[PDB]
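See below for structure-v6.txt, which holds compact mmCIF, C-alpha atoms and all ligand atoms.
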```
# COMPACT_ATOMS: atom_id res chain seq x y z
CA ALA I 1 -92.23 2.17 137.80
CA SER I 2 -90.66 4.50 140.40
CA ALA I 3 -92.30 7.51 138.76
CA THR I 4 -95.04 9.88 139.82
CA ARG I 5 -98.63 9.59 138.62
CA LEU I 6 -98.52 12.83 136.60
CA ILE I 7 -96.02 11.66 133.98
CA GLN I 8 -97.69 8.24 134.24
CA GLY I 9 -100.97 9.80 133.16
CA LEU I 10 -99.08 11.60 130.40
CA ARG I 11 -97.71 8.25 129.21
CA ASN I 12 -101.16 6.67 129.29
CA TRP I 13 -102.64 9.67 127.46
CA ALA I 14 -99.91 9.48 124.84
CA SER I 15 -100.99 5.88 124.14
CA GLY I 16 -103.85 4.14 125.92
CA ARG I 17 -102.56 0.60 126.45
CA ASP I 18 -102.23 0.36 130.29
CA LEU I 19 -98.55 1.25 130.36
CA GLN I 20 -98.18 0.59 134.09
CA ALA I 21 -99.41 -2.99 133.64
CA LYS I 22 -96.90 -4.32 131.08
CA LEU I 23 -93.76 -2.22 131.36
CA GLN I 24 -91.11 -4.41 129.60
CA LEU I 25 -88.80 -4.09 132.65
CA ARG I 26 -89.28 -7.10 134.91
CA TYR I 27 -88.28 -6.95 138.57
CA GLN I 28 -88.99 -10.21 140.44
CA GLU I 29 -91.17 -12.06 137.93
CA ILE I 30 -87.98 -13.86 136.79
CA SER I 31 -87.91 -17.48 137.91
CA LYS I 32 -85.18 -18.00 140.48
CA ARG I 33 -81.76 -19.21 139.41
CA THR I 34 -79.86 -22.04 141.14
CA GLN I 35 -82.98 -24.20 140.99
CA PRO I 36 -83.56 -27.52 142.77
CA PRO I 37 -81.46 -30.09 140.92
CA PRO I 38 -83.12 -32.03 138.10
CA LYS I 39 -83.79 -35.71 137.63
CA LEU I 40 -84.14 -36.89 134.09
CA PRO I 41 -86.12 -39.78 132.61
CA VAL I 42 -85.11 -42.46 130.17
CA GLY I 43 -87.67 -42.98 127.43
CA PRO I 44 -88.94 -46.12 125.68
CA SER I 45 -85.73 -48.06 126.28
CA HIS I 46 -83.77 -49.18 129.41
CA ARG I 47 -86.53 -51.63 130.36
CA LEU I 48 -84.72 -54.91 130.03
CA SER I 49 -85.45 -58.45 128.81
CA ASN I 50 -87.27 -57.58 125.57
CA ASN I 51 -85.29 -54.79 123.96
CA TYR I 52 -83.09 -56.46 121.43
CA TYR I 53 -81.43 -53.95 119.14
CA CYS I 54 -82.13 -56.48 116.37
CA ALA I 55 -85.80 -55.63 116.93
CA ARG I 56 -85.63 -51.83 117.16
CA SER U 1 -65.93 -82.92 90.76
CA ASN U 2 -64.40 -80.73 93.50
CA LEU U 3 -67.44 -78.41 93.64
CA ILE U 4 -70.11 -78.21 96.35
CA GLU U 5 -73.15 -75.93 96.26
CA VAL U 6 -74.10 -73.41 98.89
CA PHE U 7 -76.97 -70.95 98.90
CA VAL U 8 -75.27 -68.17 100.79
CA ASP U 9 -78.43 -66.17 101.63
CA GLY U 10 -80.10 -67.96 98.73
CA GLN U 11 -77.22 -67.14 96.37
CA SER U 12 -75.77 -70.29 94.83
CA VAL U 13 -72.03 -70.73 94.46
CA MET U 14 -69.60 -73.61 93.89
CA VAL U 15 -67.08 -74.19 96.68
CA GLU U 16 -63.97 -76.35 96.88
CA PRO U 17 -64.44 -79.33 99.23
CA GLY U 18 -62.82 -79.38 102.64
CA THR U 19 -63.10 -75.62 103.11
CA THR U 20 -65.40 -74.04 105.65
CA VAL U 21 -68.13 -71.42 105.85
CA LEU U 22 -65.98 -68.34 106.37
CA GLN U 23 -63.90 -68.94 103.27
CA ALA U 24 -67.12 -69.30 101.28
CA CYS U 25 -68.46 -66.05 102.72
CA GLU U 26 -65.26 -64.26 101.76
CA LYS U 27 -65.64 -65.93 98.37
CA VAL U 28 -69.07 -64.31 97.96
CA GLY U 29 -68.04 -60.96 99.46
CA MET U 30 -69.52 -61.40 102.94
CA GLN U 31 -67.67 -61.06 106.18
CA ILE U 32 -68.46 -62.66 109.49
CA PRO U 33 -67.57 -60.90 112.77
CA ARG U 34 -64.73 -63.00 114.09
CA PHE U 35 -62.10 -62.80 116.81
CA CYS U 36 -60.10 -65.96 117.35
CA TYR U 37 -59.86 -66.95 113.72
CA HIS U 38 -56.85 -65.68 111.83
CA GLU U 39 -55.86 -66.34 108.25
CA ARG U 40 -52.33 -67.50 109.06
CA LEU U 41 -52.91 -69.65 112.14
CA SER U 42 -54.72 -72.79 113.14
CA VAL U 43 -58.48 -72.87 113.61
CA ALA U 44 -59.56 -73.05 117.26
CA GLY U 45 -63.26 -72.52 117.79
CA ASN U 46 -63.10 -70.15 120.72
CA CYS U 47 -64.36 -66.69 119.85
CA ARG U 48 -68.04 -67.66 119.36
CA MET U 49 -68.68 -64.34 117.58
CA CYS U 50 -68.47 -66.15 114.24
CA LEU U 51 -71.88 -67.86 114.56
CA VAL U 52 -74.33 -68.23 111.68
CA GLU U 53 -77.73 -69.89 111.36
CA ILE U 54 -78.20 -72.70 108.89
CA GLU U 55 -81.79 -73.68 108.08
CA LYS U 56 -83.30 -76.83 109.64
CA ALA U 57 -80.93 -76.63 112.61
CA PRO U 58 -81.94 -76.24 116.27
CA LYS U 59 -78.51 -74.92 117.24
CA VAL U 60 -76.40 -72.23 115.58
CA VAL U 61 -73.05 -73.49 114.38
CA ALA U 62 -69.68 -71.76 114.33
CA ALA U 63 -68.41 -70.69 110.91
CA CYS U 64 -64.78 -71.65 111.40
CA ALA U 65 -64.64 -75.42 111.79
CA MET U 66 -67.87 -76.64 110.20
CA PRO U 67 -67.05 -78.32 106.88
CA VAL U 68 -69.16 -77.40 103.88
CA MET U 69 -71.56 -80.26 103.26
CA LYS U 70 -73.47 -80.49 100.00
CA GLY U 71 -76.17 -77.96 99.21
CA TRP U 72 -76.28 -75.59 102.11
CA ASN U 73 -78.49 -72.57 102.67
CA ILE U 74 -76.58 -70.15 104.89
CA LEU U 75 -78.51 -67.35 106.61
CA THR U 76 -75.85 -64.78 107.44
CA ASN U 77 -78.41 -62.11 108.34
CA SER U 78 -81.26 -64.04 109.95
CA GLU U 79 -83.02 -63.19 113.19
CA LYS U 80 -81.39 -65.41 115.80
CA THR U 81 -78.01 -64.87 114.13
CA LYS U 82 -78.20 -61.19 115.04
CA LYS U 83 -79.63 -62.18 118.43
CA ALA U 84 -76.69 -64.49 119.10
CA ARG U 85 -74.21 -61.82 118.02
CA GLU U 86 -75.83 -59.28 120.36
CA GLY U 87 -75.66 -61.83 123.16
CA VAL U 88 -72.02 -62.79 122.68
CA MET U 89 -70.97 -59.16 122.27
CA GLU U 90 -72.79 -58.33 125.49
CA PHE U 91 -70.87 -61.14 127.16
CA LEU U 92 -67.55 -59.81 125.83
CA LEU U 93 -68.08 -56.32 127.25
CA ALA U 94 -68.51 -57.43 130.86
CA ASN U 95 -64.89 -58.21 131.75
CA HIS U 96 -63.21 -55.48 129.74
CA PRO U 97 -62.17 -52.25 131.45
CA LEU U 98 -62.94 -48.64 130.58
CA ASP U 99 -59.55 -47.90 129.03
CA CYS U 100 -60.76 -46.59 125.65
CA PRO U 101 -58.98 -43.24 126.11
CA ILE U 102 -55.68 -44.58 127.47
CA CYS U 103 -55.52 -47.65 125.26
CA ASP U 104 -53.25 -47.90 122.25
CA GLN U 105 -55.75 -49.07 119.65
CA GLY U 106 -58.32 -46.27 119.64
CA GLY U 107 -59.20 -46.32 116.00
CA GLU U 108 -57.59 -49.72 115.59
CA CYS U 109 -59.47 -51.86 118.06
CA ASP U 110 -61.70 -54.70 116.97
CA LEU U 111 -64.02 -54.82 119.96
CA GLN U 112 -65.06 -51.27 119.19
CA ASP U 113 -65.81 -51.79 115.50
CA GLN U 114 -67.66 -55.05 116.07
CA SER U 115 -69.55 -53.63 119.05
CA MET U 116 -70.84 -50.82 116.87
CA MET U 117 -71.70 -52.72 113.75
CA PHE U 118 -73.05 -55.87 115.44
CA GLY U 119 -73.38 -55.28 119.18
CA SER U 120 -76.07 -53.97 121.47
CA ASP U 121 -76.18 -50.50 122.94
CA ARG U 122 -77.88 -50.69 126.33
CA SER U 123 -75.80 -52.68 128.78
CA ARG U 124 -76.41 -54.76 131.89
CA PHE U 125 -74.09 -56.29 134.52
CA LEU U 126 -74.27 -53.75 137.32
CA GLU U 127 -71.57 -55.28 139.54
CA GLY U 128 -68.39 -57.27 138.92
CA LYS U 129 -65.63 -56.79 136.31
CA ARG U 130 -62.64 -58.87 137.43
CA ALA U 131 -59.14 -57.41 137.25
CA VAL U 132 -55.99 -59.23 136.16
CA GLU U 133 -52.44 -58.52 137.30
CA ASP U 134 -50.20 -57.57 134.39
CA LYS U 135 -46.83 -59.09 133.53
CA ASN U 136 -43.55 -57.83 132.11
CA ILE U 137 -43.18 -59.97 129.00
CA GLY U 138 -40.21 -57.93 127.83
CA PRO U 139 -38.89 -54.38 127.51
CA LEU U 140 -40.02 -54.29 123.87
CA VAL U 141 -43.68 -55.23 124.42
CA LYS U 142 -45.87 -53.31 126.84
CA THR U 143 -48.35 -55.67 128.46
CA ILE U 144 -51.62 -54.97 130.26
CA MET U 145 -53.36 -58.32 130.52
CA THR U 146 -56.59 -56.84 131.85
CA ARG U 147 -57.61 -55.79 128.34
CA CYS U 148 -56.99 -59.41 127.25
CA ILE U 149 -60.19 -61.15 126.27
CA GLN U 150 -58.51 -64.60 126.38
CA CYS U 151 -59.03 -65.03 122.67
CA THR U 152 -56.14 -67.54 122.48
CA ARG U 153 -54.44 -66.17 119.40
CA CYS U 154 -50.87 -65.43 120.54
CA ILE U 155 -50.60 -68.95 121.94
CA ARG U 156 -51.20 -70.68 118.61
CA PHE U 157 -49.01 -67.99 117.05
CA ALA U 158 -46.07 -68.93 119.25
CA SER U 159 -46.69 -72.69 119.19
CA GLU U 160 -46.69 -72.77 115.39
CA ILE U 161 -44.62 -69.98 113.89
CA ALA U 162 -42.36 -69.20 116.80
CA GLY U 163 -42.17 -72.67 118.35
CA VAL U 164 -41.00 -71.12 121.60
CA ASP U 165 -43.94 -72.10 123.88
CA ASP U 166 -43.58 -69.55 126.64
CA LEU U 167 -47.19 -68.31 126.66
CA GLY U 168 -49.81 -70.58 128.18
CA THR U 169 -53.21 -70.45 129.79
CA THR U 170 -53.23 -70.53 133.59
CA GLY U 171 -56.46 -71.14 135.46
CA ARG U 172 -60.13 -71.82 134.91
CA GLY U 173 -63.49 -70.11 134.92
CA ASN U 174 -63.27 -66.35 134.88
CA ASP U 175 -59.70 -66.56 136.15
CA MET U 176 -57.53 -67.50 133.16
CA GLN U 177 -54.34 -65.47 133.12
CA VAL U 178 -52.74 -65.91 129.73
CA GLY U 179 -49.00 -65.49 129.93
CA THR U 180 -45.80 -66.94 131.31
CA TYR U 181 -45.96 -68.34 134.82
CA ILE U 182 -42.25 -67.97 135.57
CA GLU U 183 -41.77 -64.26 134.63
CA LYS U 184 -39.33 -65.11 131.84
CA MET U 185 -38.76 -62.63 129.03
CA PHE U 186 -40.52 -63.90 125.94
CA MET U 187 -37.75 -62.89 123.55
CA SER U 188 -37.11 -64.37 120.13
CA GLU U 189 -37.22 -63.28 116.54
CA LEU U 190 -40.57 -62.20 115.07
CA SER U 191 -41.62 -61.20 118.59
CA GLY U 192 -42.52 -57.80 117.18
CA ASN U 193 -45.24 -59.46 115.13
CA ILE U 194 -47.21 -60.30 118.27
CA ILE U 195 -48.35 -56.70 118.88
CA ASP U 196 -50.35 -56.81 115.65
CA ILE U 197 -51.58 -60.36 116.23
CA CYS U 198 -53.19 -59.11 119.47
CA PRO U 199 -56.60 -57.96 118.22
CA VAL U 200 -57.22 -55.79 121.28
CA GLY U 201 -55.02 -53.37 123.19
CA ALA U 202 -53.32 -55.90 125.45
CA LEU U 203 -49.94 -56.64 123.83
CA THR U 204 -48.65 -53.39 122.42
CA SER U 205 -45.51 -51.51 121.45
CA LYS U 206 -43.19 -50.19 124.15
CA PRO U 207 -41.42 -47.26 122.36
CA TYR U 208 -44.60 -46.18 120.56
CA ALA U 209 -46.78 -46.71 123.65
CA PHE U 210 -48.25 -43.27 124.31
CA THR U 211 -47.01 -41.24 121.39
CA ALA U 212 -49.77 -41.26 118.79
CA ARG U 213 -53.26 -42.36 117.79
CA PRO U 214 -54.15 -44.02 114.48
CA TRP U 215 -56.56 -41.56 112.91
CA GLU U 216 -54.09 -38.66 112.74
CA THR U 217 -51.29 -40.57 111.04
CA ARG U 218 -51.32 -41.19 107.32
CA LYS U 219 -50.23 -44.41 105.67
CA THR U 220 -47.45 -44.60 103.12
CA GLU U 221 -46.35 -47.39 100.77
CA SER U 222 -42.73 -48.53 101.27
CA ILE U 223 -40.25 -51.39 100.97
CA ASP U 224 -38.25 -53.00 103.77
CA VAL U 225 -34.49 -52.55 104.05
CA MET U 226 -31.66 -54.17 106.11
CA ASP U 227 -32.72 -57.59 104.76
CA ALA U 228 -32.48 -59.31 101.41
CA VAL U 229 -36.21 -60.13 101.48
CA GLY U 230 -38.03 -56.79 101.57
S1 LIG I 301 -53.22 -61.46 124.90
FE1 LIG I 301 -54.38 -60.71 123.07
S2 LIG I 301 -54.03 -62.30 121.46
FE2 LIG I 301 -53.51 -63.24 123.48
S3 LIG I 301 -55.43 -64.29 124.18
FE3 LIG I 301 -55.39 -62.17 125.08
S4 LIG I 301 -56.60 -60.88 123.62
FE4 LIG I 301 -55.99 -62.80 122.53
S1 LIG I 302 -58.67 -53.06 123.56
FE1 LIG I 302 -60.39 -51.98 122.49
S2 LIG I 302 -62.16 -52.18 123.93
FE2 LIG I 302 -60.26 -52.58 125.15
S3 LIG I 302 -59.69 -50.54 126.05
FE3 LIG I 302 -58.52 -50.84 124.10
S4 LIG I 302 -59.78 -49.78 122.50
FE4 LIG I 302 -61.14 -50.17 124.31
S1 LIG I 303 -63.75 -68.03 114.75
FE1 LIG I 303 -65.28 -69.56 115.03
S2 LIG I 303 -65.10 -69.43 117.21
FE2 LIG I 303 -63.85 -67.67 116.90
```

As structure tokens, how would this structure be written, given the file I've shared?
Amino acid sequence: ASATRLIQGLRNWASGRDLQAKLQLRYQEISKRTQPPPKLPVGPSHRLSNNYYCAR
Amino acid sequence: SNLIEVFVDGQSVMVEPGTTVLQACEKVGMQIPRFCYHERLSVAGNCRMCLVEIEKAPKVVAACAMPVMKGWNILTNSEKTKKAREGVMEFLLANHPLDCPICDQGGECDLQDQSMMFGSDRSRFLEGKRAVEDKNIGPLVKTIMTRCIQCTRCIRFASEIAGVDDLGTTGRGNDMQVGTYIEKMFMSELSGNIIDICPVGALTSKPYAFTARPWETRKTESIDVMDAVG
């Protein structure tokens, strides 16, 4: 963005694909870094009393 | 005449009388995961890793001291055999510390190889892990007795081939310090052989102690000198 509407209309008239909508230069759509810290699962193991490795 | 039949996993073979299961399994090419057995010492049924299921048996017998009766059928790779090995390996890795980097038998442990090829992978035992105070057995043998699994191999070693009898078991239960009570230097000839008898990283070399690691070094054939025996 940060351009006037005259050259914007020239860009839209040079190719009609709504150039203001999808501009390939993202500003604050980026998800924020330094996220809340993750907790991670353990899958179909770590439940005790059955899981012999001889079985699986 | 001097021949007894076993079906080692259904494979029949003739065995000399008086011998036991493990010698028959090495006769047929099998191994059995073992700790306290050694092929130069006495047989003392302590390790319990050597178990094997025989058919028509409610228990699972140890493959060191059981004599070969006539016409066995030995299941080396049955179900509860592997279950028992997983159980006993999971017992062995409760009181053994996390010294796998700083130990001296990285590639040359036995706990590590047997715990891969026969042991479990998910552990238990959230709290505990006793610690044992080390001794100074001598300035030639570094000694951290916490890595000792009380496998009772150096004792029979000394009491037969050294005859010195300075290493004994002290205590009961979980608390069995194996060593010399009186802090005397265990020093005799063939004392250097004890650091290879020790199947874990508990009795190790003093001048070599933190200088190498077995996978980098290469082996080379050679003949002894300084002695007329070689
Ligand atoms: S010091 Fe080593 S050889 Fe002796 S009982 Fe302990 S683990 Fe076995
Ligand atoms: S003796 Fe084996 S299991 Fe124990 S710390 Fe050393 S390498 Fe690890
Ligand atoms: S060898 Fe049979 S008990 Fe250790």

Next item on the list: For residue 48 of chain I, list every protein, DNA or RNA residue within 9 Å, evaluated using all atoms listed in the file, and leave out those in the same chain fewer than 4 positions away; present the list as a PyMOL selection string.
Entry: (chain I and resi 52) or (chain U and resi 122+124)

The distance between atom CA of residue 44 of chain U and atom CA of residue 1 of chain U is 29.0 Å

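Of note, atom CA of residue 193 of chain U and atom CA of residue 224 of chain U are spaced 14.8 Å apart.
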
Which centre and edge lengths in Å to one decimal define the box along x, y and z that fits every listed atom of ligand LIG 303 (chain I) plus 4 Å per side, as AutoDock Vina command-line options?
```
--center_x -64.5 --center_y -68.6 --center_z 116.0 --size_x 9.5 --size_y 9.9 --size_z 10.5
```

Using only C-alpha atoms and all ligand atoms, what table do you get, as CSV, when you list each residue of chain U with an atom no more than 10 Å from ligand LIG 301 (chain I), its nearest pair of atoms, and their distance in Å rounded to one decimal, rows by chain then rising number?
```
residue,atom,partner,partner_atom,distance
U:35,CA,I:LIG301,FE4,8.4
U:36,CA,I:LIG301,FE4,7.3
U:47,CA,I:LIG301,FE4,9.6
U:143,CA,I:LIG301,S1,8.4
U:144,CA,I:LIG301,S1,8.6
U:145,CA,I:LIG301,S1,6.4
U:146,CA,I:LIG301,FE3,8.7
U:147,CA,I:LIG301,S4,7.0
U:148,CA,I:LIG301,FE3,3.9
U:149,CA,I:LIG301,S4,4.5
U:150,CA,I:LIG301,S3,3.8
U:151,CA,I:LIG301,FE4,3.8
U:152,CA,I:LIG301,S3,3.7
U:153,CA,I:LIG301,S2,4.4
U:154,CA,I:LIG301,FE2,4.5
U:155,CA,I:LIG301,FE2,6.6
U:156,CA,I:LIG301,FE2,9.2
U:157,CA,I:LIG301,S2,8.8
U:167,CA,I:LIG301,FE2,8.7
U:168,CA,I:LIG301,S3,9.3
U:169,CA,I:LIG301,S3,8.6
U:176,CA,I:LIG301,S3,9.8
U:177,CA,I:LIG301,FE3,8.8
U:178,CA,I:LIG301,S3,6.4
U:179,CA,I:LIG301,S1,7.7
U:194,CA,I:LIG301,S2,7.8
U:195,CA,I:LIG301,FE1,8.4
U:196,CA,I:LIG301,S2,8.8
U:197,CA,I:LIG301,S2,6.1
U:198,CA,I:LIG301,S2,3.9
U:199,CA,I:LIG301,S2,6.0
U:200,CA,I:LIG301,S4,5.6
U:201,CA,I:LIG301,FE1,7.4
U:202,CA,I:LIG301,FE1,5.5
U:203,CA,I:LIG301,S1,5.9
U:204,CA,I:LIG301,FE1,9.3
```

Save out the residues we just selected, C-alpha atoms, as an mmCIF file, keeping the file's coordinate frame.
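The new file selection36.cif reads:
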```cif
data_model
loop_
_atom_site.group_PDB
_atom_site.id
_atom_site.type_symbol
_atom_site.label_atom_id
_atom_site.label_comp_id
_atom_site.auth_asym_id
_atom_site.auth_seq_id
_atom_site.Cartn_x
_atom_site.Cartn_y
_atom_site.Cartn_z
ATOM 1 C CA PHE U 35 -62.100 -62.800 116.810
ATOM 2 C CA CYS U 36 -60.100 -65.960 117.350
ATOM 3 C CA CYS U 47 -64.360 -66.690 119.850
ATOM 4 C CA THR U 143 -48.350 -55.670 128.460
ATOM 5 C CA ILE U 144 -51.620 -54.970 130.260
ATOM 6 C CA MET U 145 -53.360 -58.320 130.520
ATOM 7 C CA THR U 146 -56.590 -56.840 131.850
ATOM 8 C CA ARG U 147 -57.610 -55.790 128.340
ATOM 9 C CA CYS U 148 -56.990 -59.410 127.250
ATOM 10 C CA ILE U 149 -60.190 -61.150 126.270
ATOM 11 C CA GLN U 150 -58.510 -64.600 126.380
ATOM 12 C CA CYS U 151 -59.030 -65.030 122.670
ATOM 13 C CA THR U 152 -56.140 -67.540 122.480
ATOM 14 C CA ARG U 153 -54.440 -66.170 119.400
ATOM 15 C CA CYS U 154 -50.870 -65.430 120.540
ATOM 16 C CA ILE U 155 -50.600 -68.950 121.940
ATOM 17 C CA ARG U 156 -51.200 -70.680 118.610
ATOM 18 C CA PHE U 157 -49.010 -67.990 117.050
ATOM 19 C CA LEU U 167 -47.190 -68.310 126.660
ATOM 20 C CA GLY U 168 -49.810 -70.580 128.180
ATOM 21 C CA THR U 169 -53.210 -70.450 129.790
ATOM 22 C CA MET U 176 -57.530 -67.500 133.160
ATOM 23 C CA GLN U 177 -54.340 -65.470 133.120
ATOM 24 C CA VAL U 178 -52.740 -65.910 129.730
ATOM 25 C CA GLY U 179 -49.000 -65.490 129.930
ATOM 26 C CA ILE U 194 -47.210 -60.300 118.270
ATOM 27 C CA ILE U 195 -48.350 -56.700 118.880
ATOM 28 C CA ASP U 196 -50.350 -56.810 115.650
ATOM 29 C CA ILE U 197 -51.580 -60.360 116.230
ATOM 30 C CA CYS U 198 -53.190 -59.110 119.470
ATOM 31 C CA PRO U 199 -56.600 -57.960 118.220
ATOM 32 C CA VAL U 200 -57.220 -55.790 121.280
ATOM 33 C CA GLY U 201 -55.020 -53.370 123.190
ATOM 34 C CA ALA U 202 -53.320 -55.900 125.450
ATOM 35 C CA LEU U 203 -49.940 -56.640 123.830
ATOM 36 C CA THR U 204 -48.650 -53.390 122.420
#
```

**OP:** Select all residues from chain I having any atom no more than 7 Å from an atom of chain U (counting all atoms listed in the file, ignoring ligands), output as an MDAnalysis selection string.
**Re:** chainID I and resid 46 53:54

Could you dump the residues just selected with C-alpha atoms as a CSV table (one decimal), in the frame of the given file?
```csv
chain,number,residue,atom,x,y,z
I,46,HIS,CA,-83.8,-49.2,129.4
I,53,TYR,CA,-81.4,-54.0,119.1
I,54,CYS,CA,-82.1,-56.5,116.4
```

Residues within 6 Å of ligand LIG 303 (chain I) (all atoms listed in the file), as a PyMOL selection string?
chain U and resi 34-37+45-50+62-64

Write to file, as a CSV table (one decimal), in the coordinates of the input, the residues of the selection just made, with C-alpha atoms.
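Contents of the output file result-v6.csv:
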```
chain,number,residue,atom,x,y,z
U,34,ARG,CA,-64.7,-63.0,114.1
U,35,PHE,CA,-62.1,-62.8,116.8
U,36,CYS,CA,-60.1,-66.0,117.4
U,37,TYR,CA,-59.9,-67.0,113.7
U,45,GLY,CA,-63.3,-72.5,117.8
U,46,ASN,CA,-63.1,-70.2,120.7
U,47,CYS,CA,-64.4,-66.7,119.8
U,48,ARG,CA,-68.0,-67.7,119.4
U,49,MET,CA,-68.7,-64.3,117.6
U,50,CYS,CA,-68.5,-66.2,114.2
U,62,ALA,CA,-69.7,-71.8,114.3
U,63,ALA,CA,-68.4,-70.7,110.9
U,64,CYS,CA,-64.8,-71.6,111.4
```

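Counting from atom CA of residue 126 of chain U, the distance to atom CA of residue 59 of chain U is 29.5 Å.
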
Select the residues contacting ligand LIG 302 (chain I) at a distance of at most 6 Å, based on all atoms listed in the file, then format the selection as a PyMOL selection string.
chain U and resi 98-100+103+105-106+109+111-112+147+200-201

In terms of all atoms listed in the file, the residue from I:11, I:38, I:45, I:1 at minimal distance from residue 25 of chain I is I:1

What lies within 9 Å of residue 77 of chain U using only C-alpha atoms, ignoring chain neighbours under 5 positions off, as a ChimeraX atom specification?
/U:9,52-53,82

Mind listing as a ChimeraX atom specification all residues within 12 Å of (-96.2, 3.9, 139.9), counting all atoms listed in the file? /I:1-9,11,18-21,23
